Amino acid sequence: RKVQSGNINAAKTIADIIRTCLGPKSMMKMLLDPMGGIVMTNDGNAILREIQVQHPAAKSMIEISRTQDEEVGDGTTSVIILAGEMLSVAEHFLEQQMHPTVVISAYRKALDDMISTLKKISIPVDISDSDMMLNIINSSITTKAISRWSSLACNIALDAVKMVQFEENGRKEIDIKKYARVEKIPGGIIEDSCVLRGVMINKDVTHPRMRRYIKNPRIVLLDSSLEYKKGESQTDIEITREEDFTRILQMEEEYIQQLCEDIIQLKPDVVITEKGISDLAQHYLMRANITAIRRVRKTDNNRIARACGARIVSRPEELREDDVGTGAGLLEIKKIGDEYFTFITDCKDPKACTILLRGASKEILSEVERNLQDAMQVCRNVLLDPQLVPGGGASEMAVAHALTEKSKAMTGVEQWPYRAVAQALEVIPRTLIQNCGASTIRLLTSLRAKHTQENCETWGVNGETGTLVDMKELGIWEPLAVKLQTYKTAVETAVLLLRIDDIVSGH
Amino acid sequence: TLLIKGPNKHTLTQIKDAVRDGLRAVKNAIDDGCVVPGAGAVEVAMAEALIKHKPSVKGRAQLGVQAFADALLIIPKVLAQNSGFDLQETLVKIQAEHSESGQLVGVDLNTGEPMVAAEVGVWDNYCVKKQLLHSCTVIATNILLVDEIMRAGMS
Amino acid sequence: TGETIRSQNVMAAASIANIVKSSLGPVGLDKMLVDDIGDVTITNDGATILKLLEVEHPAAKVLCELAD
Amino acid sequence: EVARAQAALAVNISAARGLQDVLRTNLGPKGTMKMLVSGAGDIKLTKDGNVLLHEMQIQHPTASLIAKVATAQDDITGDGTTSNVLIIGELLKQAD
Amino acid sequence: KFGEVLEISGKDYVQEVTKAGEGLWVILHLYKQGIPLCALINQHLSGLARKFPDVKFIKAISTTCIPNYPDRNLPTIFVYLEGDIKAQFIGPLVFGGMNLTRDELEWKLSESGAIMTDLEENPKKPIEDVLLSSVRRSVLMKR
Amino acid sequence: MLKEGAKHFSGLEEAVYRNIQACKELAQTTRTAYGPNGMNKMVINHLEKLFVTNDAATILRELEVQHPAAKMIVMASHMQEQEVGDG
Ligand SMILES: Nc1ncnc2c1ncn2[C@@H]1O[C@H](COP(=O)(O)OP(=O)(O)O)[C@@H](O)[C@H]1O
Ligand SMILES: Nc1ncnc2c1ncn2[C@@H]1O[C@H](COP(=O)(O)OP(=O)(O)O)[C@@H](O)[C@H]1O
């Protein structure tokens, strides 16, 4: 029994790195470069990403933390600390007789009891009014950021969140990552950011000749199968001589005539094209009562695949009679600013609005981007479950007390690991007290003696002074799903690290 | 055009840098309308106001107030050391002169006697002292919060 | 020679057999395998361990061949 | 890999005291000038604070970072890079 | 004309300066046994050759060029054309350790500049400082 | 230690020592002349002819010094030579 010890040693070594980086009064780490550089930062994720280890358990924990940060976005630091504490309090004390069997059942029972206690303590909330949501967002975002234009940004983010939801059918699916981006354009007053349809068009449309103005037509986008290819599936035609180049014009004319005879009744406009631009064929194409655009990047592809819904397949002609393009859509090339902008309004797949902000340099861009990101993340974490829990260090004490009471009432045989895993939940209050700068023994004793009278479970420790205060007068609340996900991830990591036998090599 | 000549060496660049610093100081002294005296007559009054007339009564705050006030008397000591005199004698002389009179007493670089810098011609700026204090506070703040220094990184 | 290489083969067989010993039955621990690259595979099946394992001994090779 | 002590603050205070003791004899009109020569024997006389801090070979990374931070805040006012490291060093010594 | 990776000895390294035409950007990888970085580089090149068959990739065991070498000849890559050196690389510091996934192709496209497929984006870059960034932000806000 | 790289022996104590000893050693190889006397010195550089001179101008024009205190005087010497005749 030496592999588990070597695994928990590396686990505790990894966990004892970013332990003093929690709370408003956190420390700052510094990393030196081998060439002669030094960078100081207080971000645990940056230190975890810039680290290089060699143990498989450390890499697995890093991957788990990265997955937890990418899936949720809040609560990717205390998981490793809790896992290391549970390991050091369980395996480093209850493995002298070598019995790795009842520990898994004890962990499962403790997880079930913690889930039941956290579910039987939540309070309901209403989502009718908007002032309470804004107040909750402002209270949860007051961490380490500027305070000057946070109200307007949070209001715009809440409006975008309430407007981007449309995929409801019983499962409540919310997607804002690949469904709402950010646009930037300098010039003008900074007090005009709002929401708009948002079309990724800058300098892609090129009209050498002056034609008619676009008012409110019916644009029906097709596919991208008109480049430097050899045809459909045979090599009968190849772009090699000028005769083939001038026959390509007649071929495209015949193709557009076949398309018009097939399924052209709303008169589309521009079409997606990757290759194909000249000074003679483009004139004939424009004269053929059709237009074509080029210069398409990944952003335009994502926009036409999300908002419009354009797919990629080997089928340019003969499509569905009612595929895309259903509704009156205006496309006026406005001259506001200095670049060409399109405002495709009222078309297919609505509720896909983006933001419109006019700042200045790149600092304003970065700050509004991070503000929108954190506000949208907070709104998504809050709207996912209308249940709040008083954080700060009040629910963990009640959970530990309930677990101890259940263990004393059941009077079982495996009560020692249960008590060990129940008493290993007071790490966050101890760390907060240590970061505040006070006694970690007398304060803990007072908090333990206070959480046992009658109806007292909202008394936590202030993160700025170092005294016990009720949560009903401060205003520190956390969502419910985040704590459950954190506990489940910690339990799964402990189970995975506890079920490791021998390690060998292979192919 | 400010045409300058030199004896064909590298001191011409030094003279150009000196005249550029002088022009910058003149431009800084023309944008505002308030000029406070210098010659080490502002740190003494600041320390006397921070030590005596305490804003509040707290030992924890005083433990830092005393350290911040004791670090502002290094400029006159360094000036007296570089001028060629003592360090504590001139200091206590200036202290007694400021406690008996009550005016801005400067430092003399000729005889080491306490004199008034408001009648000779020594002047200074306004925003320069504020910027220096802000920079010193920013530097001294983000230093004591250093926990541990690990050896990692690749880029 | 003679009685030495036989003892060596017996020791090698015992060492290669004392690996899948703690994985018999439905109640067993997991085993991690590395391909000397960076990826790890966690499995508790005896067949998967015997199939994904490096060998260098002739007796062990013929034993793995007979098992397959 | 594993370090849980207070040697970082100690070496920081040591580097700050060294940087304060290195540059401290260039205050007042009665100071001493300095010379710099290394590239093809180019004699360059200087006495300023930013000009010296911008053209030096410091072997300590913390002192180099402190000098860079001090020089980055010199484009605000006229000349304020001098008479700054002494007060910072005194405050750091008092804090230590 | 080339899309596979083969093992050469010493004759190909000399005949490549005469067999190449129209400026063939050949690449040679010094493979070392017992290092996973070489295996990762080979696995990446196995896909990079199929992604762009307009160039040539070859691998050679670090034992031909200067056989009397200690442990300083670190495994790297060498890009050649007709007999000119275009800033060769050495050491794993330029790659980024064992955390390389999509930076080698970006560096190759930046060094070549002829088959750029809209890959002019900037890398992630190392972590920034908390003091210099704050100073720059304060300067931008004051002015 | 903090600024230099074990190249020069400069600090807060070499001023009243090396800056004077360098000039003393530079001037000690010059007091042998100055006056109507026969103290010829041979000069061997690149001509490979072995010629003896008496004036200090050709002696200083061939000697290569690697010290700033010794180089601070050759400039004044050249200035005096360009100004008036002797000296
Ligand atoms: N005003 C406050 N009063 C009490 N506790 C606070 C206060 N502000 C922050 N905290 C506590 O500090 C902790 C900060 O955690 P955080 O570092 O954000 O976790 P993560 O790094 O996983 O996002 C929170 O758990 C919260 O309970
Ligand atoms: N005429 C003067 N008489 C006495 N002290 C002076 C005089 N001019 C400047 N000082 C002193 O020099 C110090 C600043 O000198 P220095 O660091 O060289 O910056 P600056 O060149 O801007 O004066 C001030 O603290 C001031 O007390």
# chains A, B, ... in the order shown; residues from 1 in each chain; ligands from 1
$ residues_near_ligand --ligand "ligand 2" --cutoff "10 Å" --atoms "only C-alpha atoms and all ligand atoms" --output "PyMOL selection string"
(chain B and resi 18+21-22+25+37-43+75-76+78-79+106-110+117+120-125+128) or (chain D and resi 24+26-31+47-49+78-84)
$ residues_around --residues "region 51-67 of chain C" --least-positions-apart "3" --cutoff "8 Å" --atoms "only C-alpha atoms" --output "PDB file with C-alpha atoms, in the first residue's frame"
ATOM      1  CA  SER A 505       3.425   0.802 -18.420  1.00  0.00           C
ATOM      2  CA  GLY A 506       2.202  -0.385 -21.799  1.00  0.00           C
ATOM      3  CA  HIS A 507       1.263   0.664 -25.328  1.00  0.00           C
TER       4      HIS A 507
ATOM      5  CA  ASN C   9      11.772 -18.273 -16.009  1.00  0.00           C
ATOM      6  CA  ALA C  12       9.435 -14.094 -14.436  1.00  0.00           C
ATOM      7  CA  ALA C  13       6.208 -16.085 -14.807  1.00  0.00           C
ATOM      8  CA  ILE C  16       3.880 -11.490 -14.702  1.00  0.00           C
ATOM      9  CA  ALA C  47      -8.300  -9.295 -20.886  1.00  0.00           C
ATOM     10  CA  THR C  48      -7.703  -5.596 -21.578  1.00  0.00           C
TER      11      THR C  48
END
$ closest_residue --among "E:13, E:23, E:90, E:99" --to "chain C" --atoms "only C-alpha atoms"
E:99
$ residues_near_ligand --ligand "ligand 1" --cutoff "7 Å" --atoms "only C-alpha atoms and all ligand atoms" --output "ChimeraX atom specification"
/A:21-24,74-78,143,391-393,460-464,476
$ atom_distance --atom1 "CA of residue 31 (chain A)" --atom2 "CA of residue 10 (chain A)"
20.2 Å
$ interface_residues --of "chain A" --to "chain C" --cutoff "8 Å" --atoms "only C-alpha atoms" --output "list in words"
residues 56, 499, 500, 501, 502, 503, 504, 505, 506 and 507 of chain A
$ closest_atom_pairs --of "chain F" --to "chain D" --cutoff "9 Å" --atoms "only C-alpha atoms" --output "tab-separated table"
residue	atom	partner	partner_atom	distance
F:1	CA	D:59	CA	7.9
F:2	CA	D:59	CA	5.7
F:3	CA	D:58	CA	5.2
F:4	CA	D:57	CA	7.5
F:5	CA	D:59	CA	8.3
F:68	CA	D:43	CA	8.2
$ select_by_dssp --residues "region 154-357 of chain A" --states "strand (DSSP E or B)" --output "MDAnalysis selection string"
chainID A and resid 184 194:196 272 293 330 334 341 345 354:357
$ atom_distance --atom1 "CA of residue 65 (chain D)" --atom2 "CA of residue 1 (chain D)"
23.3 Å
$ select_by_dssp --residues "chain B" --states "alpha helix (DSSP H)" --output "ChimeraX atom specification"
/B:11-31,43-51,59-70,74-83,89-100,127-141
$ write_last_selection --atoms "C-alpha atoms" --output "mmCIF file, in the first residue's frame"
data_model
loop_
_atom_site.group_PDB
_atom_site.id
_atom_site.type_symbol
_atom_site.label_atom_id
_atom_site.label_comp_id
_atom_site.auth_asym_id
_atom_site.auth_seq_id
_atom_site.Cartn_x
_atom_site.Cartn_y
_atom_site.Cartn_z
ATOM 1 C CA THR B 11 29.093 67.137 -22.973
ATOM 2 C CA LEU B 12 26.907 68.784 -25.629
ATOM 3 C CA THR B 13 24.307 66.034 -25.208
ATOM 4 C CA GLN B 14 24.410 66.631 -21.448
ATOM 5 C CA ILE B 15 23.870 70.370 -21.959
ATOM 6 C CA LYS B 16 20.968 69.603 -24.305
ATOM 7 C CA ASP B 17 19.384 67.263 -21.748
ATOM 8 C CA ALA B 18 19.845 69.902 -19.039
ATOM 9 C CA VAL B 19 18.209 72.637 -21.122
ATOM 10 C CA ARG B 20 15.385 70.230 -22.007
ATOM 11 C CA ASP B 21 14.799 69.495 -18.318
ATOM 12 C CA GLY B 22 14.844 73.237 -17.652
ATOM 13 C CA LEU B 23 12.279 73.878 -20.383
ATOM 14 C CA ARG B 24 10.113 71.074 -18.983
ATOM 15 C CA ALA B 25 10.314 72.575 -15.486
ATOM 16 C CA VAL B 26 9.423 76.015 -16.865
ATOM 17 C CA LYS B 27 6.427 74.557 -18.716
ATOM 18 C CA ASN B 28 5.320 72.742 -15.554
ATOM 19 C CA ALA B 29 5.672 75.954 -13.520
ATOM 20 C CA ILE B 30 3.516 77.896 -16.021
ATOM 21 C CA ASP B 31 0.468 75.605 -16.246
ATOM 22 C CA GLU B 43 8.452 66.868 4.987
ATOM 23 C CA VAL B 44 9.160 68.289 8.456
ATOM 24 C CA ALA B 45 5.732 69.925 8.717
ATOM 25 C CA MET B 46 4.100 66.783 7.309
ATOM 26 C CA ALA B 47 5.788 64.596 9.931
ATOM 27 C CA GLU B 48 4.890 67.059 12.694
ATOM 28 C CA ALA B 49 1.240 67.034 11.606
ATOM 29 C CA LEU B 50 1.179 63.234 11.298
ATOM 30 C CA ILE B 51 2.808 62.635 14.700
ATOM 31 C CA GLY B 59 -2.747 51.992 18.265
ATOM 32 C CA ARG B 60 -2.976 49.788 15.176
ATOM 33 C CA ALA B 61 -3.226 52.834 12.908
ATOM 34 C CA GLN B 62 -0.502 54.649 14.862
ATOM 35 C CA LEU B 63 1.847 51.691 14.331
ATOM 36 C CA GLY B 64 1.745 52.490 10.611
ATOM 37 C CA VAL B 65 1.470 56.262 10.947
ATOM 38 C CA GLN B 66 4.746 56.404 12.886
ATOM 39 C CA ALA B 67 6.499 54.242 10.284
ATOM 40 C CA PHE B 68 5.197 56.428 7.452
ATOM 41 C CA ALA B 69 6.234 59.628 9.247
ATOM 42 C CA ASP B 70 9.718 58.360 10.163
ATOM 43 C CA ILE B 74 15.539 60.759 4.937
ATOM 44 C CA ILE B 75 15.777 63.595 2.375
ATOM 45 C CA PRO B 76 17.125 66.265 4.786
ATOM 46 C CA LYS B 77 19.498 63.763 6.404
ATOM 47 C CA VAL B 78 20.867 62.713 3.008
ATOM 48 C CA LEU B 79 21.184 66.366 1.973
ATOM 49 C CA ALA B 80 23.108 67.230 5.146
ATOM 50 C CA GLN B 81 25.338 64.173 4.689
ATOM 51 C CA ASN B 82 26.127 65.042 1.062
ATOM 52 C CA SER B 83 26.706 68.721 1.884
ATOM 53 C CA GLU B 89 22.772 68.044 14.836
ATOM 54 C CA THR B 90 21.288 69.861 11.838
ATOM 55 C CA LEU B 91 18.134 67.746 12.168
ATOM 56 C CA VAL B 92 17.503 68.718 15.792
ATOM 57 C CA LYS B 93 18.447 72.321 14.974
ATOM 58 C CA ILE B 94 15.819 72.472 12.216
ATOM 59 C CA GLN B 95 13.327 70.779 14.550
ATOM 60 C CA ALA B 96 13.926 73.363 17.284
ATOM 61 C CA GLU B 97 13.737 76.224 14.775
ATOM 62 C CA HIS B 98 10.407 74.926 13.460
ATOM 63 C CA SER B 99 9.021 74.355 16.966
ATOM 64 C CA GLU B 100 10.039 77.804 18.236
ATOM 65 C CA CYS B 127 1.569 67.933 -8.846
ATOM 66 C CA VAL B 128 5.096 66.480 -8.718
ATOM 67 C CA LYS B 129 4.881 65.823 -4.972
ATOM 68 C CA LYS B 130 1.421 64.272 -5.344
ATOM 69 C CA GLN B 131 2.609 62.002 -8.162
ATOM 70 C CA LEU B 132 5.673 60.991 -6.138
ATOM 71 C CA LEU B 133 3.540 60.164 -3.092
ATOM 72 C CA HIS B 134 1.088 58.172 -5.221
ATOM 73 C CA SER B 135 3.910 56.211 -6.868
ATOM 74 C CA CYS B 136 5.589 55.495 -3.526
ATOM 75 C CA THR B 137 2.305 54.319 -1.995
ATOM 76 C CA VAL B 138 1.528 52.108 -5.005
ATOM 77 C CA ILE B 139 5.009 50.572 -4.878
ATOM 78 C CA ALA B 140 4.990 49.999 -1.108
ATOM 79 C CA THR B 141 1.456 48.560 -1.192
#
$ atom_distance --atom1 "CA of residue 347 (chain A)" --atom2 "CA of residue 308 (chain A)"
8.0 Å
$ residues_around --residues "residue 59 (chain F)" --least-positions-apart "3" --cutoff "12 Å" --atoms "only C-alpha atoms" --output "list in words"
residues 26, 29, 30, 33, 40, 41, 42, 43, 44, 45, 51, 52, 53, 54, 55, 56, 62, 63, 64 and 74 of chain F
$ write_last_selection --atoms "C-alpha atoms" --output "mmCIF file, in the first residue's frame"
data_model
loop_
_atom_site.group_PDB
_atom_site.id
_atom_site.type_symbol
_atom_site.label_atom_id
_atom_site.label_comp_id
_atom_site.auth_asym_id
_atom_site.auth_seq_id
_atom_site.Cartn_x
_atom_site.Cartn_y
_atom_site.Cartn_z
ATOM 1 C CA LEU F 26 51.206 56.935 -16.316
ATOM 2 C CA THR F 29 57.094 56.743 -17.529
ATOM 3 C CA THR F 30 57.543 60.397 -18.531
ATOM 4 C CA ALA F 33 62.835 63.213 -20.235
ATOM 5 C CA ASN F 40 66.373 57.835 -26.054
ATOM 6 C CA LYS F 41 63.649 55.178 -25.975
ATOM 7 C CA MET F 42 63.122 52.550 -28.666
ATOM 8 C CA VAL F 43 59.677 52.227 -30.259
ATOM 9 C CA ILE F 44 58.547 48.862 -31.656
ATOM 10 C CA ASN F 45 55.043 48.662 -33.125
ATOM 11 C CA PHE F 51 63.910 53.474 -34.012
ATOM 12 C CA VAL F 52 64.780 55.525 -30.924
ATOM 13 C CA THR F 53 62.901 58.727 -30.090
ATOM 14 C CA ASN F 54 63.218 61.399 -27.412
ATOM 15 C CA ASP F 55 59.991 63.421 -27.490
ATOM 16 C CA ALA F 56 56.980 62.199 -25.523
ATOM 17 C CA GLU F 62 52.075 54.516 -29.745
ATOM 18 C CA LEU F 63 51.141 53.457 -26.200
ATOM 19 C CA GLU F 64 47.669 51.947 -25.773
ATOM 20 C CA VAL F 74 45.557 62.527 -23.717
#
